[PDB]
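Enquirer: First the structure, then my questions, so here it is.
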Amino acid sequence: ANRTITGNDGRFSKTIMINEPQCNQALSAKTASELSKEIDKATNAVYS
Amino acid sequence: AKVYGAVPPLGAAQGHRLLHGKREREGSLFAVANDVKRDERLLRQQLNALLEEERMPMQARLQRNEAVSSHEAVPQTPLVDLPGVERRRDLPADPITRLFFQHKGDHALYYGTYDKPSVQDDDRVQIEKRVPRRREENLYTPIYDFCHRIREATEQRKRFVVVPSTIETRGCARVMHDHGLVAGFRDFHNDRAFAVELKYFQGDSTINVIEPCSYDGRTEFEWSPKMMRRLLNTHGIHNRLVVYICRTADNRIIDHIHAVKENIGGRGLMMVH
Amino acid sequence: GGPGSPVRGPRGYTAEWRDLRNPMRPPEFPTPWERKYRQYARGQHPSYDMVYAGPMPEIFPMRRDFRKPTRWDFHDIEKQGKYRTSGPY
Amino acid sequence: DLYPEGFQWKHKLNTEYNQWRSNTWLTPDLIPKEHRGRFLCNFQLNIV
Amino acid sequence: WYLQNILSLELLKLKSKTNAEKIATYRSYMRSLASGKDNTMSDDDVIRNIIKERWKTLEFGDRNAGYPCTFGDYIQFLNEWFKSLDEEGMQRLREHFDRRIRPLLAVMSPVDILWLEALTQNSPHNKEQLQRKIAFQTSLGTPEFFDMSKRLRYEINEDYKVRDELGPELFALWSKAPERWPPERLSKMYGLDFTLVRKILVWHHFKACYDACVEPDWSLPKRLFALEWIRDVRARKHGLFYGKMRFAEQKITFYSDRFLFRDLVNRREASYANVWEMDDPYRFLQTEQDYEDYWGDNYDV
Amino acid sequence: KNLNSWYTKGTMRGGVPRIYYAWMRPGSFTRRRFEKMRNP
Amino acid sequence: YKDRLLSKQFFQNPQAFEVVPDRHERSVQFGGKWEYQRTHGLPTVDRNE
Amino acid sequence: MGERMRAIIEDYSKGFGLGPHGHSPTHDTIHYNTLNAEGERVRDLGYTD
Amino acid sequence: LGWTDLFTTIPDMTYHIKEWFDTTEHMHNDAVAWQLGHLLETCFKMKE
Amino acid sequence: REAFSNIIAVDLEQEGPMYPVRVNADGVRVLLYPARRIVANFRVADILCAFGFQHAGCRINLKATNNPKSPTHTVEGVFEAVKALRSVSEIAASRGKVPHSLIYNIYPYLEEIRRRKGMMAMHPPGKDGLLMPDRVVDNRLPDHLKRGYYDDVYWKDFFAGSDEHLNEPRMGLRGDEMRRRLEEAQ
Amino acid sequence: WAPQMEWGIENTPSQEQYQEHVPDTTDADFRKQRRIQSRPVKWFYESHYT
Amino acid sequence: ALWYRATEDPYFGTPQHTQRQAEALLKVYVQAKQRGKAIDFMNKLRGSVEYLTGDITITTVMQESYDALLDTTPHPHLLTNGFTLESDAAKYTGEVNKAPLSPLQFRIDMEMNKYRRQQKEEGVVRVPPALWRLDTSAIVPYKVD
Amino acid sequence: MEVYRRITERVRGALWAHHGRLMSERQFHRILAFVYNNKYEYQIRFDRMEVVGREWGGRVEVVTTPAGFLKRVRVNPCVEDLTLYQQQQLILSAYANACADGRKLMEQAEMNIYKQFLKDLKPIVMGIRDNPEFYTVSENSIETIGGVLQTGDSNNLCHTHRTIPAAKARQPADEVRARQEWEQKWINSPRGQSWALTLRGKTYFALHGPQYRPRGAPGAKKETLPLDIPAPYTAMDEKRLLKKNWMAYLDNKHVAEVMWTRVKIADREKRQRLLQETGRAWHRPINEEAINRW
Amino acid sequence: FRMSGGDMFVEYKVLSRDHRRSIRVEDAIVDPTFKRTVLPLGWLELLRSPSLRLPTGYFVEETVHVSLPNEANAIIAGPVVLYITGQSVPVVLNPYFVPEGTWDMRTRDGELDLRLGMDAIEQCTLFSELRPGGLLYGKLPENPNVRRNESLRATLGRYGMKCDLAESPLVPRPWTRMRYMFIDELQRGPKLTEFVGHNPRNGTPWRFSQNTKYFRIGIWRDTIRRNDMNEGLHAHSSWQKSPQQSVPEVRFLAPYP
Ligand SMILES: [Mg+2]
Ligand SMILES: [Mg+2]
C-alpha cells in the first residue's frame, strides 16, 4: 500500500524488488513485516 | 464422570421458566398484547442479526478479529513520528533505458491534462489526440484507440505499446493485468501516454480479441447488473473466461465479476479475452 | 435491499469502547464454545471447500447393461417397415 | 496439461495396435506417412 | 462328470518326479540363482492346468457314443443349479462372471464366432462360408494375435496387484479400533495418487469385512470421499440433475497463482490438542448447511 | 439460480453416438513418464 | 473377544454355523434400512489396553 | 520391429552410477569414453599378472 | 569463505531468469530440479 | 488422403466452445458459439457431431441465403472455425493462472501441511540420511573355500551350476547334471 | 434422491411421445422396452423421504 | 417395503416394531412358501433390540407356523417333510419304493469333501489314525407314510 | 519423510547395484509407512502429558502439550499493568521456552525411532553385504571398460576390510541360538535357579519370556530367529515382473538405477562440501582435466 | 470405551445442533437400565445456540416427571448431538435435563456420575454389545427373552448353532466370498464411454446393431470390398471392419490389445 515493495511475475518465476532509494534501502518495521509477507506468499505460491 | 468446559458443576440455582413455573400473572389485554409484540420483534431482530453475521464478507471478518486483537483499555493517542515516513514512494524505473521518465509525485503542480499536456519527455515523440475530420465520421474516444493500439500491437507481436493515458484507460490496464491478459503496465505520470507490456504464449498472443464497447463518445451504454450476470453464465456453467470492463457511479474501473458481486450497474468500456 | 434501495445514512472515548474486550482476557460468562467454531468464526480455520474435491469415483461397478432389444434390431428387414416402424422406439 | 502423455504401451508394435483397433489399417494408400501406424479409432467417410 | 473330473482330487494322478528332478526342483525353490530354467512350475499351477484342459476336452452329444453328456443333460443340471442359488451364491456367480466372461464380452470379434461355437460344439448356419472368411482373415495376423485366451494378458501399474491387496494391510489393527485409524495412516502405504489410494482403502475395508463374516460400513465410501460427496450434492442442487458431476460442468474461474495463501498460513499454523482432533472425519463441516448436505442420505441421522 | 438443467442438455441425433469423458481426457490419464522417471 | 466376535458373526448369518446349511437369503432388518450403522465392523478392544 | 528392438537394448545396456570423472554416463556437458579412448587404453595395457 | 556457491557477471540477470522460466513447462520436481539446476550451472557457477 | 493430412482434433474436456469464435474462411463468415444443445444446419451439425461436441452451436453467413454458399464453403467454414477454437486449459495457462478445475490436486499437499505439526515434522538429531563410504569391503573367496561354506546354513554343494557365483561353474555337480549341459549343447 | 421427471418414456402419454395412438396394455410394451408391469399405487410401497 | 415404512413414517409410524407387525410379516413369509426369508427373519428378530427388551416375543403360533412351512417346502441339500415320492423315478433311481437320497451316503460324501477341502487349502492331508472309525450309529434312514 | 527416505533409497538402489535384485514398490513404501506410523504412535502418547514453560520469575506460566499446543496461561497481576505489546511478547516467550522443553523430549523420542528403523533395515542391509559375493573398490580408482584400475599412491593406505569369516559360515542365526543356549544353561544351573527367584530374575522373565504370555496378550508369543534375506540368493521382484510384462521390468530397473545414481550424487556433494570446509578444495573448478580429459 | 468393575466407560462430546457449543464428558457409565439419557439441568442453557432454523435453541422443550433416575420434575430437551469416542456416527439424543433437587449426582468430588441410556445405545456400534455374548448383556433388565446365566454357545446352540464357523464342507468359507476386486486404474484401464440419446445420462451406452435398416447396404459394401473405404451410416453401428467391435466397456487404454 506504501509502494515500498514492488514485483514482477512471469509464468513460473517471481521477482520481489525492494524499493526505498531515499534512505538507502533501510527497511522500517512495517516494511520488513510486510516483506516477510510478500516473500512467503511469493514462495508458497503454486507456480513459483 | 469428569466434565470439561462445563464450569462449576450443576451450574448455579437456575430453574427453567416452565419447571419453576411461578403463577402466571394475569395482564390486561394491554400487557399481554405488548408482551407478544415486543418479543415478536425481539425474535425478528435476532433473525436479522444472524442473517447479517452469515452474510458478512471475509475481509470484514478479518478486520474485525484483528481489531479486537489489538484492542487496549484506554484509547491511546498517536505517537509523533519522523518528518514523514508516509509519502507514497515513487515507483522505480530506470533513467537510462526508458519508455518515459518516472515523474515524481512531488512535482504534482507542474502537470497538465490529457488535453493540454505540460512539456515533458521531450526525447520521445508525443502521441496525438485522435479527432474526426468531418461530421459523418465517428467521434473517437481514448478507450477506442486504446483498444485498437493494443490489438494492432498484439498482431505485430510487439513487447511494448505506448498508449493514451486517461482515468478509465489505465483503469482498464490494471484490470487486464489483474486477469493476466497483459504482462505489465506503468503510468509514468506522463500527461499524454503511458505504457503497456504485452504477453505472448505458445507463439500467439494472450489476447484473442479486444473490442471497445462504443464507437462514439456520443453513445453511452449502460450495463444492468442482470446483464453483467448473464455474461457470467454459459448455459448453467459459471464462465469468467471473457472479461468486461466498466465504470461505476463511484468512478471505479471494475470487471463485470466484482460488479456482479456487489450488484452495482456500470457503464460499458470494453471486452477482452 | 441492495444498491438501488434508499440510502441508510450515517478527543476521549465513547460508550462503544467499553463493551469491547481483548480476546486475551477471559470473558464474561464462560460459555463453552466449541474450539472448531471459534476457529471458523475468526476466519483462521483451514478451509475445506468444494474446490478441493476431485472426481467422485465409481467404487462398486454396477452391472453389465445387456443389450435391450429395440425395434431397429430385427433379423428380418421386413419387421422394420415404413408402414409399421417409424423408429427404434 | 497442455501436452498430455497419451498412449504409452509398447507391448505390441504401432502397426499391431493400429491393425486391431482401427479400420484405417485396411486402407494403407489413403493415409499419409506421419499418421500411418498412429491411429487407434474407426473413421466414417462422408462424401459431401 | 463334474463329480469325477473336477471335484474329485483324490483320483487325480500326477506324473511322479525322479530323484534328480526332486533335487533340482527343491534347490530351485529354496534359493534362486539367475539364468535358471524359468518354468519350475508349481504342481498347483500344473494341477489347475489339467483341470482347465479337462474343461476344454469336455464335449457333449449322444452318450451311447463316446462323450459323457447330452447337451440337454448339461443345461438341465445348469438350470436345477441356477434356481438353487442363495444370495451369496448368485453373488459369487456374478463376481465370477464379471471377472472372466465380461472382459471377453468386450474383446470379441466376428473372427472368433466359429471358435466361439466350438466351446459347445454347436453347428452354425453358414459354417462353410465362415470357415473360408475366418481362414482368410486369421491369415492376416499371428496365430497368437488372434486367440481369445491371451487377449487379456497385460495390466497397467504392475507394482500393486489386485491379488496382493486381497489380504488387507494391517487388518489386525484397524479392526480393533477403527477410529484411531483414519485414512491417512494407511494412505502412506501406497505410492499412488489420492483418489486411487482412497478407492483402494474402501476395497480393503470391504474385503476385510466379508472375510470376517460381518457386515461392512456402507457409510465408509461417503466418509473417505466426503469432500467429493458434498461437492456432488451441491452440484446436483445447482445444475439440476441426478448423477455424479463430471469435468465439463466445472466452473471456469481462473485463480491467481498465490490464491491459496490464506488457507496455507491457516493450515501451517494450526494446532491440535490430540491427534483425533487433527483428523476426525467431520472437520469438513461447519455450518448447518454442511451437516444437512452430508447427512441427507440416512433418514435415521 | 441456473434454471437450465445439466440433466437435459443436448440433441438426439438418432443413431449417431458420441464419446464423453467421465473425468479428464484419456490422454492425460496414465502419467507414468513422471511416475517411473522416464524423462530427459 | 472371541465371543463378541462369535456372536456378531452368528447374527450376520446363522447358516454359516449349521452342519447342514439351510437356504440363506437376506430378509428385512429390525434397526431400519440403515441398521448397518449399529452393527458393522469387528468387536472393538478397550482403548486403555 | 527394429526400433523397439533398439529401445529395449539401449535401455537395458545403459550404465548408471558415477564414473571416474564423478558424473553420470548421461550427464549433460561432460563425457566419458570419447572416441573409444578407454577402448584403446585397454588395447595397449591388457590384463595380465 | 564458502558463504555462497553462486556468482555471476551477466547484465540484468533478473530478466533472463524470468524469460528462462517462461519457456519451462512442467511442475514435477524432476523438471523443477533440472531447470533450476541448469540455470545455476550455466550462469551462477563459474565453470568458464 | 488430403483429409487425413489435415486432421484436427478437439479437447472434449469442455464439450463445446466456452466463448464465441468468430472466424472467416474465404468469403464465408462463421460463428461458433456455446449452446444448450447442438444447433446447426444438418451438414454442419453432423460435422460437429463428428468431433463429439454436445453443447456447440454454429451458424454460417448470417442469413442462410447469403453468398457465397457452396457445399465446399459449408464444410471448410466449420472446420476452419473449429481449428481456431482455444481449449479452456490452454487459455488458463496462457494467462499464467490456475484453473478452478485443477485445484483439487493441491489438496493432499495442503493436507499434510496441516498435519505436519508435532512428531511428523521432527527429524532425527545428528542424522542427515547421507552416509558417505569410508572403507573398502570385499568378501569374495577362492572357490575351494566356498565349496562347503554354506553346507550348514543350506544343503551341501550350494553353488553348483551357478555361473556368476563361481569361477568353476561345473564343480560339485554330479555327473548327470554335467551331462545335461553338453546334452543341450549338441 | 432423484425427483420424478416429466416427458419420460413411461410418463408421456402416446400422442406426444409417438405421433400414433399406442395401446396402453399393462403387458409387454415393445416400444417402451418393458416386459411386464405390476401397477401398484405409486407412492404407497416406497418410502416417503424418497 | 411396508415393514420399513412402518418405522420410517413420521405420521403413522411406531417408534419400535410392534409384535403385530412381526407376526404379520412372518405370516406373509409362510403364505408365500418363502423359506430363506422366513429363516433369516426369525433369526434377525431374535437378534433385535425389541426382542432383548422383551417387547416382541416369539409365540407358539409363530413358532409352529414357522415349523410348518419349514417342513413343507424344498430344502437345498436334503429331502423334506412334504416331498412326494414318484413311482416312475425308478427309471433312473432304480427303485420304486424308497426315497432318492441316502443320508448315510450323504454323510460319507461329507467326510470325503472334508478331506478334499483340507487338501485344496493346505496342499497336504494328515492321514487319520488307525483307531479312527466313522460313527454311523446316529444315522437313521428316511421313513415314508 | 526426508532422513528416512534417503536411507531407504540408499537401500533399494544398493540392492539393485550390487546384485540383480529389485525391491517391490509395495515393499519400499511399506517400510516408510512403518516409520510414519511409529511417529504417529509416539504422538498419540505424547498428547496425554503436558510441558510447562515459564517466563519472568515464575510470574508468567504457560502449559502446553509437547506438540506445541497451548492449554493454560497463568499470569501475575503485575503483568496486567504493562502494555498490550509487552504482555504479548512475554506470553509468547514463555510459550517458546515451553516448546523448547517439549521439542527436547520429542527429539529424544525421534532418536529412538531412528534406532528402531535401523534395526528393522538391518536384515536387508546386512543381507546384501554379508554374502561371499559382495565387494567394493575405492572411490578414487579409475574405471575402464574391462575392469577397474589400481589406485597408485601410498600402498600402505589401502586396506581391504572383510565382514565375513572366510572359513565355514557363522551366520547371525547361530549367534541367537547360542544366546538362548546360554540362557538355558544359566537358568538350569544351581546358581541360576537361585537367581530366578530374585527380583532381577523375574524382571528378566517378565520382559524377555514370550513363551509364558497368556493367550490373547499383546506381543510375540515365541522367540524369533533373526530374519535371513540373503540378497543374491533370494529372487524378489524381478522374477515376477520378468514373467509378466517386460515393460514394467524395464521401468522398475530404471527406477532403481536412477535412485542409486541420485544417492551417489548426494554422497559426492557431501564429500565436496566437507572437502571445501577443510580447505583442500577450491570454490570453483580449478582442475578441468579431471573432467574434460575423458 | 474401557472396562472396569464390570462396566463400560466411554468419553463423549455433547453438542448443540449447529455445533456451536460443546461439552466433553470423560468417564460415563454405559448403562442400559435408562430408557433415556440424563443430564444436569444447568447444561440446558449452556447448550442453547439459537440458529436460523431453530430461532429458540431447541426444537423440543417440555416438562416430564422423569422419576426413573431417582408432577414435572424435569425437562425433555432436543435435539442435542452426541459424539462417542469409538463411533463414526453421531447419536442424537432428546435427553432428560434434571435440576439438583430432583436428582443430585455430585457423587464423588469433581465427579458428576453421568451415564448413557438406551437412547444412545440403539444408535451406535455399542448396540451390538447388547446382544448375547456382548459386554452389556449382563446388565439387561430381566426378561422372558433373555436368559441370565447361560453359556454363550449354549444360547446360540438353542438358536440353531451347531458347529464352528464354516466348519462343515457344505458351507463355503467366508473369505472366498470376495476374490477379485475391480479397480480400473490398477488393471486394464478406464471404459470407453459413448451414448446414443440426448445426454450421457439420458441415452443408452449401446449403439445400434447390424440389423438396422440403414446399416445393411453399408455393411454389405464393407464385406465385399473390404480394403477400400466406404461411405455410409454403417460406421455408427456396433459392428465394424476392425477386429475391435464397438460395444460398451471397451477398455481402450489397456496395453493389450
Ligand atoms: Mg482466510
Ligand atoms: Mg440468391
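Quick note on naming: the chains in the C-alpha cells go A, B, ... in the order shown, residues restart at 1 in each chain, and ligands are numbered from 1 in order of appearance.
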Among chain K, which residues does DSSP mark as helix (DSSP H, G or I) when it is run on the backbone? Keep the chain and numbering as in the structure and answer as a ChimeraX atom specification.
Expert: /K:14-17
Enquirer: So which residues touch residue F:40 within 12 Å, counting only C-alpha atoms, skipping near sequence neighbours fewer than 2 positions away, as a PyMOL selection string?
Expert: (chain F and resi 33-34+37-38) or (chain H and resi 26-28) or (chain I and resi 30-31+34-35)
Enquirer: To check your reading of the model: which residues sit at most 7 Å from ligand 1 when counting only C-alpha atoms and all ligand atoms? Write the answer as a PyMOL selection string.
Expert: (chain B and resi 58) or (chain C and resi 43-44) or (chain E and resi 262-263)
Enquirer: Include N, CA, C and O atoms and write out the residues we just selected as a CSV table (one decimal), in the first residue's frame.
Expert:
chain,number,residue,atom,x,y,z
B,58,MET,N,-15.5,-11.9,4.0
B,58,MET,CA,-14.3,-12.4,4.7
B,58,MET,C,-13.4,-11.2,5.2
B,58,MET,O,-12.9,-11.3,6.3
C,43,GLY,N,-12.0,-16.7,11.2
C,43,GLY,CA,-11.5,-16.9,9.9
C,43,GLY,C,-10.2,-17.6,9.8
C,43,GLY,O,-9.5,-17.6,8.8
C,44,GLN,N,-9.8,-18.2,10.9
C,44,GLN,CA,-8.5,-18.9,11.0
C,44,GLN,C,-8.6,-20.4,10.8
C,44,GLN,O,-7.6,-21.1,10.9
E,262,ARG,N,-3.9,-17.6,2.1
E,262,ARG,CA,-4.6,-17.5,3.3
E,262,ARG,C,-4.8,-18.9,4.0
E,262,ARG,O,-4.5,-19.1,5.1
E,263,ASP,N,-5.3,-19.8,3.2
E,263,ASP,CA,-5.5,-21.2,3.7
E,263,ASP,C,-4.2,-21.9,4.0
E,263,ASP,O,-4.1,-22.7,4.9
Enquirer: For residue E:7, please output as a VMD selection string all residues within 10 Å (counting only C-alpha atoms; exclusion window: fewer than 5 positions along the same chain).
Expert: (chain E and resid 1 to 2 51) or (chain L and resid 113 116 to 117)
Enquirer: Give me a file of those residues, with C-alpha atoms, as an mmCIF file, in the first residue's frame.
Expert:
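Generated output (part_2.cif):
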data_model
loop_
_atom_site.group_PDB
_atom_site.id
_atom_site.type_symbol
_atom_site.label_atom_id
_atom_site.label_comp_id
_atom_site.auth_asym_id
_atom_site.auth_seq_id
_atom_site.Cartn_x
_atom_site.Cartn_y
_atom_site.Cartn_z
ATOM 1 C CA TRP E 1 -18.891 -85.910 -14.981
ATOM 2 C CA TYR E 2 -18.371 -82.853 -12.794
ATOM 3 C CA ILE E 51 -8.410 -79.188 -14.750
ATOM 4 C CA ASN L 113 -15.444 -83.462 0.888
ATOM 5 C CA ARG L 116 -10.737 -82.823 -0.378
ATOM 6 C CA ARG L 117 -11.123 -79.406 1.214
#
Enquirer: Residues at most 10 Å from ligand 2, using only C-alpha atoms and all ligand atoms? Could they come as an MDAnalysis selection string?
Expert: chainID J and resid 64:69
Enquirer: Check which residues of chain M sit at most 10 Å from chain H using only C-alpha atoms, and return one row each with the closest pair of atoms and their distance in Å to one decimal, ordered by chain and rising number, as a tab-separated table.
Expert:
residue	atom	partner	partner_atom	distance
M:13	CA	H:17	CA	9.8
M:17	CA	H:17	CA	8.5
M:139	CA	H:20	CA	8.3
M:140	CA	H:20	CA	7.5
M:141	CA	H:20	CA	7.4
M:142	CA	H:20	CA	5.3
M:143	CA	H:20	CA	6.0
M:144	CA	H:38	CA	6.1
M:145	CA	H:38	CA	6.6
M:146	CA	H:42	CA	7.0
M:147	CA	H:47	CA	9.1
M:148	CA	H:20	CA	9.9
M:246	CA	H:8	CA	9.4
M:247	CA	H:8	CA	9.1
M:250	CA	H:12	CA	7.2
M:251	CA	H:11	CA	9.4
M:253	CA	H:12	CA	8.8
M:254	CA	H:11	CA	8.2
M:256	CA	H:16	CA	9.8
M:257	CA	H:16	CA	6.0
M:258	CA	H:16	CA	7.3
M:259	CA	H:17	CA	9.2
M:260	CA	H:17	CA	6.4
M:261	CA	H:17	CA	4.4
M:262	CA	H:17	CA	8.0
M:263	CA	H:17	CA	8.8
M:264	CA	H:17	CA	6.6
M:265	CA	H:18	CA	7.5
M:268	CA	H:22	CA	7.7
M:289	CA	H:21	CA	9.3
M:290	CA	H:21	CA	6.2
M:291	CA	H:21	CA	5.2
M:292	CA	H:30	CA	6.6
M:293	CA	H:32	CA	8.6
M:294	CA	H:32	CA	5.1
Enquirer: Mind writing the picked residues with C-alpha atoms as a PDB file, in the first residue's frame?
Expert:
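File written: part13.pdb
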ATOM      1  CA  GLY M  13      19.431 -48.591  -5.119  1.00  0.00           C
ATOM      2  CA  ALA M  17      23.507 -52.097  -7.881  1.00  0.00           C
ATOM      3  CA  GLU M 139      36.034 -44.394  -4.968  1.00  0.00           C
ATOM      4  CA  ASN M 140      39.246 -42.819  -6.291  1.00  0.00           C
ATOM      5  CA  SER M 141      40.194 -45.798  -8.502  1.00  0.00           C
ATOM      6  CA  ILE M 142      39.713 -45.306 -12.256  1.00  0.00           C
ATOM      7  CA  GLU M 143      37.134 -47.472 -14.028  1.00  0.00           C
ATOM      8  CA  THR M 144      37.673 -48.632 -17.631  1.00  0.00           C
ATOM      9  CA  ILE M 145      35.652 -50.910 -19.945  1.00  0.00           C
ATOM     10  CA  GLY M 146      37.431 -54.106 -18.912  1.00  0.00           C
ATOM     11  CA  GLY M 147      37.501 -53.575 -15.168  1.00  0.00           C
ATOM     12  CA  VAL M 148      38.737 -51.181 -12.530  1.00  0.00           C
ATOM     13  CA  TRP M 246       8.807 -56.783 -19.836  1.00  0.00           C
ATOM     14  CA  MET M 247       7.779 -53.137 -19.838  1.00  0.00           C
ATOM     15  CA  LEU M 250      12.463 -52.168 -17.635  1.00  0.00           C
ATOM     16  CA  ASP M 251      10.685 -49.357 -15.799  1.00  0.00           C
ATOM     17  CA  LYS M 253      15.016 -51.477 -13.011  1.00  0.00           C
ATOM     18  CA  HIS M 254      15.217 -47.979 -14.416  1.00  0.00           C
ATOM     19  CA  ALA M 256      16.331 -48.475  -9.084  1.00  0.00           C
ATOM     20  CA  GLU M 257      19.200 -47.320 -11.271  1.00  0.00           C
ATOM     21  CA  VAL M 258      18.082 -43.684 -11.083  1.00  0.00           C
ATOM     22  CA  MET M 259      17.763 -43.840  -7.293  1.00  0.00           C
ATOM     23  CA  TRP M 260      21.221 -45.337  -6.973  1.00  0.00           C
ATOM     24  CA  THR M 261      22.720 -42.644  -9.166  1.00  0.00           C
ATOM     25  CA  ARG M 262      20.957 -39.957  -7.142  1.00  0.00           C
ATOM     26  CA  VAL M 263      22.239 -41.337  -3.854  1.00  0.00           C
ATOM     27  CA  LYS M 264      25.754 -41.433  -5.278  1.00  0.00           C
ATOM     28  CA  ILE M 265      25.461 -37.811  -6.384  1.00  0.00           C
ATOM     29  CA  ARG M 268      29.608 -36.703  -3.924  1.00  0.00           C
ATOM     30  CA  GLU M 289      41.477 -32.109 -16.763  1.00  0.00           C
ATOM     31  CA  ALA M 290      39.819 -34.161 -14.056  1.00  0.00           C
ATOM     32  CA  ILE M 291      36.650 -33.731 -16.082  1.00  0.00           C
ATOM     33  CA  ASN M 292      37.254 -32.793 -19.713  1.00  0.00           C
ATOM     34  CA  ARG M 293      40.064 -35.286 -20.427  1.00  0.00           C
ATOM     35  CA  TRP M 294      37.816 -38.364 -20.537  1.00  0.00           C
TER      36      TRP M 294
END
Enquirer: Give me, as a tab-separated table, the closest atom pair and its distance (Å, one decimal) for every residue of chain I within a cut-off of 12 Å of chain H, counting only C-alpha atoms, rows sorted by chain and rising number.
Expert:
residue	atom	partner	partner_atom	distance
I:34	CA	H:28	CA	10.7
I:37	CA	H:28	CA	11.4
I:38	CA	H:28	CA	9.4
I:41	CA	H:29	CA	10.3
I:42	CA	H:29	CA	10.3
I:47	CA	H:29	CA	11.2
Enquirer: Keeping only C-alpha atoms, take the residues you just selected and write them out as a short mmCIF file (atom, residue, chain, number, x, y, z; two decimals), in the first residue's frame.
Expert:
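Output file out-v8.cif follows:
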data_model
loop_
_atom_site.label_atom_id
_atom_site.label_comp_id
_atom_site.auth_asym_id
_atom_site.auth_seq_id
_atom_site.Cartn_x
_atom_site.Cartn_y
_atom_site.Cartn_z
CA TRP I 34 16.68 -29.79 -13.71
CA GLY I 37 19.99 -26.69 -11.78
CA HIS I 38 20.73 -25.92 -15.43
CA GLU I 41 25.31 -24.30 -13.78
CA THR I 42 25.19 -22.22 -16.95
CA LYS I 47 32.78 -23.03 -14.84
#
Enquirer: Please find the residues of chain D near chain J - the criterion being any atom within 8 Å, counting only C-alpha atoms - and write them as a ChimeraX atom specification.
Expert: /D:1-2,29-32,35,48
Enquirer: Using C-alpha atoms, can you export the residues from the last selection as a short mmCIF file (atom, residue, chain, number, x, y, z; two decimals), in the first residue's frame?
Expert:
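part.cif, written as the output of this step:
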data_model
loop_
_atom_site.label_atom_id
_atom_site.label_comp_id
_atom_site.auth_asym_id
_atom_site.auth_seq_id
_atom_site.Cartn_x
_atom_site.Cartn_y
_atom_site.Cartn_z
CA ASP D 1 -1.86 -30.41 -19.03
CA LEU D 2 -1.13 -28.82 -22.38
CA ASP D 29 -2.85 -45.98 -49.50
CA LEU D 30 -5.30 -43.42 -48.14
CA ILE D 31 -3.11 -42.36 -45.23
CA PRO D 32 -0.01 -40.15 -45.12
CA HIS D 35 -0.29 -40.82 -39.46
CA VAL D 48 -20.31 -34.13 -49.50
#
